[PDB]
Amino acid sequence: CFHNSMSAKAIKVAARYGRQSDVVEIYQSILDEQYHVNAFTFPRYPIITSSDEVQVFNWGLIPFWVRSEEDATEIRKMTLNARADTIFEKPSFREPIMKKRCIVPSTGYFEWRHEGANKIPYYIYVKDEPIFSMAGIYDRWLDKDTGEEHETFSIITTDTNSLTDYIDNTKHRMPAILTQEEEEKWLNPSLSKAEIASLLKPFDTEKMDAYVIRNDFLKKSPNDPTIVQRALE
């Protein structure tokens, strides 16, 4: 949800979706092997769109209608995720889900289970799917006062399943994961409201897995492979 993982090379992400790597290759130094992608830094990230070229957008959706950059700063913090159940209604997301859907690639993500004052970190991934796809939306915003054009995205969330419900026992949210067979369909401009909604559901718990990692992962450089090392036993 707010802590993602992208342990693969950028060009490998392009290959995984059968798309061109020209753009992602340019920014490989900042995109390659990011074992921990912190949403709160509003980072650049590989994004799959209907385009033949993998795109690079910033995490934290800034709606096209925002009038001031000062406001864009605050709104950005509230749009790192987008709830599936009201996505067709909210002003920040109602136009992008119909016109600007995208895939947010991932190699897994982090969540903490609470119990007492203890925060236990988990690494959650999809079985036998090195790189899986999370449903997302993006938007473009022109800063009136800066002239700067921004392209940003949000990850869509859904209700939990057996596994994610035990791990995320305080918010009960999990990203909307798309199966491989729904990837290109999700990106079809012809999808109707019902069809889009139908693709946003909790993933099959049996296809996922997770394990407890180390609390100190948060203190490591984003490209440190040991970020996913299991708890020191």
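Heads up: residue numbers just count along the shown sequence, starting at 1.
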72-80 or 110-118, whichever carries the higher mean Cα B-factor: 110-118
Mean C-alpha temperature factor, higher of 42-50 and 200-208: 200-208
Residue selected from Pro189, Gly60, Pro63, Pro175 by maximal Cα B factor: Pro189
Within-chain third of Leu232 by Cα B-factor, per the entry: highest
CA B-factor ranking of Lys219, expressed as a third of its chain: highest
Third of chain Cα B-factors occupied by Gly147: highest
Third of chain Cα B-factors occupied by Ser5: middle
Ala194 CA temperature factor, ranked by third within the chain: highest
